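Let us start with two forms of the same protein chain, each given on its own as structure tokens and named structure 1 and structure 2.
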Structure 1
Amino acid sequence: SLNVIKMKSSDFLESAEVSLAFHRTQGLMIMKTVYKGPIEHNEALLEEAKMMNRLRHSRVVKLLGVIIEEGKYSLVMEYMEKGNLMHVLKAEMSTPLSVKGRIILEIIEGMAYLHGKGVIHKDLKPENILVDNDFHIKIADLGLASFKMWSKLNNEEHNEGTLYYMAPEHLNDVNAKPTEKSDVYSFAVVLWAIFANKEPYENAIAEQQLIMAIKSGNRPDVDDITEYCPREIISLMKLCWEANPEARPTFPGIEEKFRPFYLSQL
């Protein structure tokens, strides 16, 4: 029903390198230029952008517009001042448990909305969770995982990746189709990183050792969390990173249990 704002490069002053760009009348926006080079896709690209523009939720980043010009293709989206979740977590100012709990609930809210719309994120990770100045979050798709046409354009010939959060069924198996349960596993490791204030598996020596470990049941070190972590969140963590994908809960199921716990205890 709603339409995509078709933007031009002229209404942007300059973009400083994913890049921050100032719109002459609308201010700061994040611009992801996808293609630069030598037209048949301009239709499937804008139709995909119209399909993605429908997703509107307070915890999902808004696609503000698209730039479709000759040999120039970009996506324009909201600007979040504080960066991604890992950048905020590694800052020296400690984030209280009330804010961390609020962030978790908002991640659950945004994930349940995307799944309810049939969208599987496939790349949920702290780099894809952007934070504003009020410590509110919004889920992004900076890798263009769900943008099928725009990712095809990104990987085209004439156009001039962590594993910590991938479900084990996708490690060493590119032919496995990601499901909603794959996003639930990613959420589990994001939960751990929120309380550990860092990335997991710091003591890993080699990528092949890490892959074999996770596939055999190895998980982020819970004892490595020095911060206080509620018993219920550790239980939610271990439930969401179960080896069997059918044992992992759904985000509406996570939402039903976590919201009363957050309101009453956090």
Structure 2
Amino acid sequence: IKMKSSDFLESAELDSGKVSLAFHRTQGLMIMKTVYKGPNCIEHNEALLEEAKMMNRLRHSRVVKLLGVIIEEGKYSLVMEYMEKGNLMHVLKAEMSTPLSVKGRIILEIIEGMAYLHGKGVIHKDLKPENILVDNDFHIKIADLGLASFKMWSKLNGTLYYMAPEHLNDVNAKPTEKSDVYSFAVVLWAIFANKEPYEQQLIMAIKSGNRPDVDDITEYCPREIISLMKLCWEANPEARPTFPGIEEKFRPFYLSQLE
């Protein structure tokens, strides 16, 4: 979990807040983001190392790995694995259109990764294209760049279009697995529409049954996927499926008609 800046042979800052792509001696490339600068705390310094070892042990191919933490002379930084193509929305807004087979695979990988997290008792709450990272081979990893699951590191220093209606104007309602199912539905829309969807007048529209316009999807999208996004953004959370439920229907569909 613990790391030093001496371990990094070279680095390079980039802004996608701001991060450093550092080459580690033996492990290779890693992304680095300094959370806060100033004095070294005492009340919460011990917990920040425990919270990192809790996220470090979330080990799945479709989930971003926290590689370590760097604490040195009043600075606090998190170190994750490098994903070469950035985020899903960066990939979707490129010159060339991503094939339907690759989009179908991204969808299945987000399902695999979200079923993993739910099975480990972790609710995402902040699932959006910006938290779906892409490597140079078009395989994805679900991240937590907004620190929604890092409650300690969040205290050391967002998008409403993917947020389920039950959480719009009811911030005390505890987020559930069905909260993420709603967000995934809006991510499905964004994958085939190739853009971000859609304040008080909007939000109140979403609570009454308003959703992103499916007719805005110009490029080809399968009817079973359209049917899946409609079911996942159902206003009632109990009417939505679980990610293992989505997986048992989506995987046979991907393998027969898209792979």
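For clarity, a rigid core is taken as the largest C-alpha set superposing within 1.5 Å between two forms. For residue numbers, the reference is structure 1: its sequence is counted from 1.
Remark: with the core as the superposition reference, the CA shift of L28 between structures 1 and 2 reaches 2 Å or more.
Core-superposed comparison between structures 1 and 2: CA of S10 displaced by 2 Å or more. Comparison between structures 1 and 2 places the CA of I68 2.2 angstrom away from its other position, after core fitting.
Superposing the two forms on their core, we find that the Cα atom of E47 is displaced by 0.9 Å between structures 1 and 2.
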